[PDB]
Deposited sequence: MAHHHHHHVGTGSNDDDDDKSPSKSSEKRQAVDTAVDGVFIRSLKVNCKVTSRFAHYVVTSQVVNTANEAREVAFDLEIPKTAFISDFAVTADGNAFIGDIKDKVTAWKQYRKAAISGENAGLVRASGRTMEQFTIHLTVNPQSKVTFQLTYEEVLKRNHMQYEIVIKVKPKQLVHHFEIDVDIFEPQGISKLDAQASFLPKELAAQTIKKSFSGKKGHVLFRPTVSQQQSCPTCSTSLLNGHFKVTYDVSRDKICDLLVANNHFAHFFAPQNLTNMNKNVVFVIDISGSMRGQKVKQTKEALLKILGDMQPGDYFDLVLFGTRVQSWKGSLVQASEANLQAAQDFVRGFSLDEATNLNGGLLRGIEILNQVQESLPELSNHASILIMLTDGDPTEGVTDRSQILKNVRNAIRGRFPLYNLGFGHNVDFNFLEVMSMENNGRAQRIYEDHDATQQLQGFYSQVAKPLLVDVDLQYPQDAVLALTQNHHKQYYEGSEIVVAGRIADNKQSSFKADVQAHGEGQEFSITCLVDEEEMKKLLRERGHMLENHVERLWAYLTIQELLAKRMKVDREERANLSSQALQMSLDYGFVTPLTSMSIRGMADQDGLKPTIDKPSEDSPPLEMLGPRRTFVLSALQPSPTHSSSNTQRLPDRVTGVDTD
């Protein structure tokens, strides 16, 4: 029998509906306690940090419980006088680089049937020429009816679709994973029988341990992907068949003593590989910063065979230099790229990129964090993006995120691990091939009530620009978009008009779910944008952005950093409600059913 201590997992189902990159997850688990005693049951799964929980329901023999979303402050008032912290008590916590762990332990009645259902949503982001859907599969028992169903609907059409299950042998995956796509519709169905779940023909344990990955991309022949539905729009921009731009890239590398060991080795290895794949038309230099600041050439040099080999030799040879002069290192790298303005104007049409890697905070020279931010942004002056890589967890990552945000870039975390070299290569490949610069998506001011970031410094091959917004009443029919940008010595310009007939056709094919997901796509991107914006503004404007993010989280019912989801009707030993939160970037209690709470 599958059951353990009288408890068996009758069914465990993951249902993912993807509509124009908006991914709607529903995970449903039904556990049955056949024992005549009380038994403890678990609902335990991993979800991506990028997603927002939107609903949670528990039904025990008709007794229904639902997560009520509210201001986080209100939800955590029960923790103030309590012996446990909300972080320790919460059902959700960080469990890895990109995933969070949702865990609840519940004492169920005898002869009981309990159904758990968790809903979470995200907008899939394109990277490396694909979208990726990752589902952590790990039932701590065999499941009678296990299913993963992914239903994809893309107006532009699906160009490719794949489904990989690492934990399954190639022969088992073939018979068990059903996938197909035609036109706008794609489907993946994974329905392993109990026999197919056992690791061995006559062993009790289940091989369903690992990750179920679904990847796809949409046809990009049609340069215009403007999707309008019920006063909300989503605009996807990723032109194909563009010529790679030549680029000027400077690497600013921390060589402080703390880098000693694996970090410097993995950093050097990544630089060697990056230099090895550089294209002849690019220009580059290298900057090292410890206590002293050091540049390989002091100016942008061409990526010739000799220069690349000399740079690789310089990478292999350098040694560490104690402290960390981050201000000097960045300003030096910026000075080199800015030579293109006066000394080297023949490189001015290239796309410029500045990448910085550090494992610690500034200890030499300018150490006032606010001053460094000022120094950097005043030197770059919006000419090129800055990509900060935080190596390990001794860096002030918020400091790195703000700096990149203030300079048309983003920050990325590098985890100290056996694959740090691949992480660095992985990130660089996202910015390695600029195709357009100064992308300006323009929409008629008379029609737009709200909109997301519409200016983007660089567009890279393999990635994508997405804009969403809300349309004013009676302006949807004539809605349009103009996209301007520059290539290397070229001007880019297109116009996208709503295809009214096509929208109605799409609405018929996908149903009213299309309207809802486009709006919720806008809400998701707007909330994320508010969370990003709030971190780089003064405390007064930060409160204003927070209130916008709070109100939108409540309106659309998202569990975000400003909201929590509480479950009335359950209590731990101290009478505390289950609480669900969004953990931040920086002892397992068990619950019982309790219908009473002290009256106010």
inquiry  = Where does the structure fail to cover the deposited sequence at the C-alpha level?
reply    = 1-32, 619-626, 641-660
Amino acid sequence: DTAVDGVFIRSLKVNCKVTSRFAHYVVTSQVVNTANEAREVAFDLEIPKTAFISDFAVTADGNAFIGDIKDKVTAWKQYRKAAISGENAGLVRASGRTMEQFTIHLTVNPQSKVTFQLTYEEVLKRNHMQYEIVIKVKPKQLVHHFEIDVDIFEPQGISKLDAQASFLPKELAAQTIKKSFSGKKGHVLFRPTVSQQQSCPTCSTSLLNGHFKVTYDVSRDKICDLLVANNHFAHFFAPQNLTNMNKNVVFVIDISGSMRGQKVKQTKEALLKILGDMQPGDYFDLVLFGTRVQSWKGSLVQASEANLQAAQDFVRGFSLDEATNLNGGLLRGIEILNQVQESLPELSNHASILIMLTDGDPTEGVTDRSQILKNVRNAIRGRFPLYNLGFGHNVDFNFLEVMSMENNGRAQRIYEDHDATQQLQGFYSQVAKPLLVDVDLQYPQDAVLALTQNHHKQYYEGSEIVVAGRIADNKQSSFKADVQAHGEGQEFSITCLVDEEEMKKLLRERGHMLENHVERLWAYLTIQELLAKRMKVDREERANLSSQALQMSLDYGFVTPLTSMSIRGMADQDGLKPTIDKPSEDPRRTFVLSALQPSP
From here on, numbers count along this sequence of modelled residues.
inquiry  = On mean Cα temperature factor in this entry, is 570-578 or 25-33 the higher one?
reply    = 570-578
note = Comparing mean C-alpha B factor in the record for 170-178 and 435-443, the higher one is 170-178
key: Among 108, 331, 530, 148 - the residue whose C-alpha B-factor is largest in the record   = 108
remark   = From 71, 122, 519, 461, the top C-alpha temperature factor is at 71
note = Of the three thirds of the chain ranked by Cα temperature factor, residue 412 occupies the lowest
key: Chain-relative CA temperature factor third for residue 298   = middle
inquiry  = Could you place residue 66 in the lowest, middle or highest third of its chain by Cα temperature factor, using the values in the record?
reply    = highest
remark   = residue 58: CA temperature factor from the record, placed by chain third, in the middle
ask   = Where does residue 502 sit by CA temperature factor within its chain: lowest, middle or highest third?
value = highest
